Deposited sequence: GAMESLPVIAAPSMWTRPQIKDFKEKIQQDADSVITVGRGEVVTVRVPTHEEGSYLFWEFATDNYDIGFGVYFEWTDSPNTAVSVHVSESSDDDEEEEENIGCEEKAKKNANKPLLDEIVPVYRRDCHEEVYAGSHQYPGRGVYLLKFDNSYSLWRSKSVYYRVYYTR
C-alpha cells in the first residue's frame, strides 16, 4: 500500500506578544511577504525525526497558511490546505507525522492582498 498520510493537528494559543518577542531575537525567523507574494519555507525531514511542529504569527493582518510535503517532477502532497488564518490575533500552531523522507513546504500566502505587506514570525521543531 502507498504511504498513509496522517491528518495534521492545528491549534492556537493566546500569548502572541511574548511569541513575537521571542522570535524577534533572531532576524531570519522574520519574513516579509510582499503584496501579492507567496513565501515558501522549506523544512526537510531530519534523519532522526518523527514529527514536524510549526508555529506562526503576523502583526496587523491575516495571511494564508498551507503545508505541503515534497517527496525526495517531484511528488507533492497536500497536508494542510491553504486557508486564511487570523494569526495576527493569536499564535497559530500545528504538527504532522512524517509520512516518509522528504521536505515540508510551509506556505505563507499573501496572493489576495493588493495593498498590504505581512510580517511573519515563525518557528519549527522536530521530535525523535
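Counting from residue 1 of the deposited sequence, the stretches lacking C-alpha coordinates in this chain are 1-4, 77-112.
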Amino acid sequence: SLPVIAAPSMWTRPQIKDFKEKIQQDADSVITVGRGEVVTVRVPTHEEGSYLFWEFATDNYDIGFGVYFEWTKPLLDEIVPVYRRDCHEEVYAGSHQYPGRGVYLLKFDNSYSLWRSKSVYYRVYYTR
From here on, numbers count along this sequence of modelled residues.
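Rigid core here is just the name for the largest C-alpha set that superposes within 1.5 Å across the two forms.
Comparing 85-93 with 42-50 in 9 other deposited structures of this protein, after superposition on the rigid core, the stretch with the greater RMS C-alpha deviation is 42-50. Modelled in this chain, residue 101 is likewise built in all the other compared entries whose models extend past it on both sides, so a third of them omitting it does not occur.
Of the other compared PDB entries of this protein that include residues on both sides, at least a third leave residue 73 without atoms. For the pair 1-9 and 119-127, the record assigns the higher mean C-alpha temperature factor to 1-9. For the pair 62-70 and 26-34, the mean B factor over Cα atoms is greater in 26-34.
By the numbers in the PDB entry, the CA B factor is greatest at 75 among 41, 57, 80, 75.
Among all modelled residues in its chain, residue 99 ranks in the middle third by Cα B-factor. Split the chain's modelled residues into thirds by C-alpha temperature factor. Residue 107 is in the lowest one. In the PDB entry, residue 46 places in the highest third of its chain by CA B-factor.
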